[PDB]
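In what follows, a single structure is set out as C-alpha cells and then discussed.
Number of protein chains: 2
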Amino acid sequence: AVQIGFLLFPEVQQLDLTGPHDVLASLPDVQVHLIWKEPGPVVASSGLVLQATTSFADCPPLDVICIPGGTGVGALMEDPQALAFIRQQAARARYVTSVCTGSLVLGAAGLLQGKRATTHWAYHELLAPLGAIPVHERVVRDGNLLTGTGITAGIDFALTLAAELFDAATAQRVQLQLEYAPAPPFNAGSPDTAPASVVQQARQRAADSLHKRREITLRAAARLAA
Amino acid sequence: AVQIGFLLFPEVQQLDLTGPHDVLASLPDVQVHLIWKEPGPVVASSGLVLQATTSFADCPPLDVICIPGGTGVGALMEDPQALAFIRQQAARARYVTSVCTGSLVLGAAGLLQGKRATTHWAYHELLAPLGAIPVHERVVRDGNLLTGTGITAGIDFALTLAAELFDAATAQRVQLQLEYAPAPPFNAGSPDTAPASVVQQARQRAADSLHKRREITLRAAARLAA
Ligand SMILES: [Cl-]
Ligand SMILES: [Cl-]
C-alpha cells in the first residue's frame, strides 16, 4: 500500500490538510496517516478538533509527505523534533509536498536550499533567507518537491499525484466521483487580481504575523548556516 | 453573532463540511457549530475522526444550516430525530444549504417540495420522487435554499453567503487571505466533460449505492405522502 502522511499540529489551517486527505483517501491501496508527537486530539486554528493517528516514532516510511500551513507554522519552524522527522522522511519519500505556509517548515528543515518554491503571498519574502529560489506561481515543482499556494492547493496537486502514482484515468475517475469543478463567485484569490483596497486590508491584517515570522525565519536561517 | 451550523453524522464526506467550515470560521462575529445527537467523536467515511460540539437539544437557533453529503446520507434519510431537527431549524434560518448528496436529506425532510434543487450527478434521479424540480446546475438557489454539487461546493457558496451576510469587500478579503484560486489539472469533474470510459467506471462503482438509495428514497417519499 502507498503510505501517505500529513503532519497535524496545533493551530494548523485544517483545510490545507483535509482537502488532500479526502481526495487521496479515495484511492485504492493507500494508507493515510495523521502524524504528530503522539496520537490524540490536535486543535486547528478554527477550533475544529482533529485526531492524530500515529506518532513520529511509530510512523512507517512514507511514500508521500505533506506539510500543511497555518498559524501554527511559527512554532514548528523551531521544533527540532518535528524538523528532524521531516528530514528523515524526506530522504526516501517519492514526493515531498506542502500547502501555503507549510513550505516555510520545509525551509526551516533545510529542504528548500537551492530549490524553486512558493508560499502564501503575504509571506513570500521569507523564502529567500531559507535558501530557496522564490517563484510566484501557484504550484512549483523541483524534482520530487511540490509546493503550492492556496488553501485548496492540495486538492489539485493530489490529483496530479494520483495520476503519477496510478494513471490519468484513475485521477479523472476520482475527480468525477467527487464532482470536483470549482467556480468561485469572486476573482480575488491573488494580490494581482483583487482590488487594491482589499489587498491593503489583507496586508494590514497580516502585518503582526509577518513581523513575528521574520524573527523566527532569521533564527531558523542561522541554524541552517551552522 | 451569526450562528452557523453543520450537521455532522457518521460516514459524512468530511470535505463537504470542512471546506465551508474553514471559510466561514474566518469571518468576524460568527459562531460555528458541529451538530449531532450528542457532542463527541463522529467518524467520517475516510476514517477521519471529527468532534461534534453541540447536541440537537442544546443547539441555538441557527442563521445558516448546512447539510453535507456522504455515504452516511442513507441512514439520515430515515432518522426521524435528525429530520425533525432540520425542519425546526429551517423554519427560521436565513439560509438553508446543502452540499452534494446532502440535498437528499433536505428532500427526505420535506424541504424540497416544489423547489428547484440539484445533487450529485450519480443520484440526480432521486430528486423528483422527493418533490423537487431537478436542475442540472452546480449551484441552485430557490428563495433561501441553496443546493450545490461537488465536494467543494460549500467553499464557493460560503463566499456568496459572506458577501450577503456582510458585504462583497469582506468576501473578497477572505478569498485573498486564503489565496483561493483553484486550477484543477484535469477537466473530468462533470459527466459532460469526462471521457466516456471514465463515466462508465464511475457509474458502475456507484450502482450498488444507487440501488440501495432508490429503496430508501421510496420509503422517505411515502412518509411525505402521508
Ligand atoms: Cl486555491
Ligand atoms: Cl467542486
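From first to last, the protein sequence lines are chains A and A'. A prime marks a further copy of an entry chain.
Last residue of the first sequence: number 227 in the deposited numbering, and the count goes up by one each step with no gaps.
Last residue of the second sequence: number 227 in the deposited numbering, and the count goes up by one each step with no gaps.
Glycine included, each C-beta is placed from N, C-alpha and C at the ideal position.
With distance defined between alpha-carbon atoms, name the residue in the options nearest to residue i.
| i | options | result |
| --- | --- | --- |
| A'/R142 | A'/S46, A'/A109 and A'/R117 | A'/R117 |
| A'/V106 | A'/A92, A'/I68 and A'/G6 | A'/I68 |
| A'/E126 | A'/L211, A'/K38 and A'/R220 | A'/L211 |
| A'/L147 | A'/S104, A'/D64, A'/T153 and A'/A172 | A'/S104 |
| A'/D30 | A'/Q176, A'/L166 and A'/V74 | A'/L166 |
| A'/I5 | A'/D80, A'/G75 and A'/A26 | A'/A26 |
| A/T119 | A/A129, A/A110 and A/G111 | A/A129 |
| A/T218 | A/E39, A/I36 and A/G111 | A/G111 |
| A'/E39 | A'/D23, A'/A45, A'/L51 and A'/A58 | A'/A58 |
| A'/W37 | A'/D193, A'/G108, A'/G144 and A'/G73 | A'/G73 |
| A/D17 | A/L160, A/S99 and A/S191 | A/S99 |
| A'/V175 | A'/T19, A'/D23 and A'/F7 | A'/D23 |
| A'/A109 | A'/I134, A'/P135 and A'/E79 | A'/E79 |
| A/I66 | A/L225, A/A195, A/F7 and A/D209 | A/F7 |
| A'/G20 | A/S56, A/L28 and A/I156 | A/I156 |
| A'/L49 | A'/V13, A'/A164, A'/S191 and A'/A91 | A'/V13 |
Distance check for residue j and residue i, CA to CA, integer angstroms please.
| i | j | result |
| --- | --- | --- |
| A/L9 | A/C101 | 14 Å |
| A'/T54 | A/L77 | 28 Å |
| A'/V200 | A/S198 | 44 Å |
| A/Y96 | A/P11 | 24 Å |
| A/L179 | A/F86 | 33 Å |
| A'/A223 | A/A172 | 39 Å |
| residue 1 of chain A' | A'/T150 | Limits of chain A' in this structure are 2 at one end and 227 at the other, which puts residue 1 of chain A' out of reach. |
| residue 284 of chain A' | A/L84 | The first residue shown for chain A' is 2 and the last is 227, placing residue 284 of chain A' beyond what the model contains. |
| A/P81 | A'/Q15 | 32 Å |
| A/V33 | A'/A227 | 46 Å |
| A'/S47 | A'/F158 | 24 Å |
| A/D168 | A/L177 | 15 Å |
| A/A45 | A/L51 | 7 Å |
| A/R206 | A'/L162 | 22 Å |
| A'/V140 | A'/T153 | 11 Å |
| A'/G132 | A'/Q114 | 4 Å |
| A'/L35 | A'/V43 | 10 Å |
| residue 240 of chain A' | A'/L28 | There is no way to answer for residue 240 of chain A', as the model of chain A' reaches only from 2 to 227. |
| A'/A195 | A'/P185 | 13 Å |
| A/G70 | A/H121 | 9 Å |
| A'/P135 | A/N145 | 45 Å |
| A/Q89 | A/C60 | 11 Å |
| A'/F187 | A'/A164 | 30 Å |
| A'/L160 | A/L160 | 24 Å |
| A/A170 | A/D209 | 46 Å |
| A/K213 | A'/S56 | 39 Å |
| A'/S191 | A/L225 | 47 Å |
Note down, in chain order, every chain A' residue with its Cβ under 7 Å from the Cβ of residue i.
| i | result |
| --- | --- |
| A/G190 | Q176, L177, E180, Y181 and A182 |
| A/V3 | Ordered by position in chain A', no residue passes the 7 Å Cβ test against A/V3, which lies about 15 Å from the chain. |
| A/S47 | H22, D23 and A26 |
| A/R139 | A182 and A184 |
Are there 16 or more other CB atoms within 10 angstroms of the CB of residue i, so buried, or fewer, so exposed?
| i | result |
| --- | --- |
| A/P62 | exposed |
| A'/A189 | buried |
| A'/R93 | exposed |
| A/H137 | exposed |
| A/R215 | exposed |
| A'/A221 | buried |
| A'/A182 | buried |
| A/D193 | exposed |
| A'/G41 | exposed |
| A'/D64 | buried |
| A/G75 | buried |
| A'/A91 | buried |
Under 7 Å between beta-carbons, which chain A residues line up against residue i? List them in chain order, please.
| i | result |
| --- | --- |
| A'/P186 | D157, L160 and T161 |
Who are the neighbours of residue i on chain A, taking C-beta pairs under 8 Å?
| i | result |
| --- | --- |
| A'/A170 | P196, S198, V199 and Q202 |
| A'/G151 | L179, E180, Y181, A182 and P183 |
| A'/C101 | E180 |
| A'/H121 | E180 |
| A'/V50 | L51 and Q52 |
In chain A', what lies closer than 8 Å to residue i by C-beta?
| i | result |
| --- | --- |
| A/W37 | Here the premise fails: no neighbours, minimum Cβ distance about 14 Å. |
Note down, in chain order, every chain A residue with its Cβ under 9 Å from the Cβ of residue i.
| i | result |
| --- | --- |
| A'/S210 | Within chain A, no residue comes near A'/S210; the closest Cβ sits about 11 Å away, beyond 9 Å. |
How would you list, in chain order, the residues of chain A' whose beta-carbon sits under 9 Å from the beta-carbon of residue i?
| i | result |
| --- | --- |
| residue 233 of chain A | In the structure as shown, chain A starts at 2 and stops at 227, and residue 233 of chain A therefore has no counterpart that could be examined. |
| A/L16 | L16, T19, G20, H22, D23, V24, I156 and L179 |
Inset, instruction - Could you pull out every unbroken alpha helix (DSSP H) segment of at least 4 residues lying fully inside the region 149 to 190 of chain A, listed in chain order? - result: 154 to 166 and 169 to 178
Inset, instruction - Write down every uninterrupted run of the beta strand (DSSP E) in the region 39 to 99 of chain A' whose length is 3 residues or greater and which is fully enclosed by it, in chain order. - result: 41 to 44, 50 to 53 and 65 to 68
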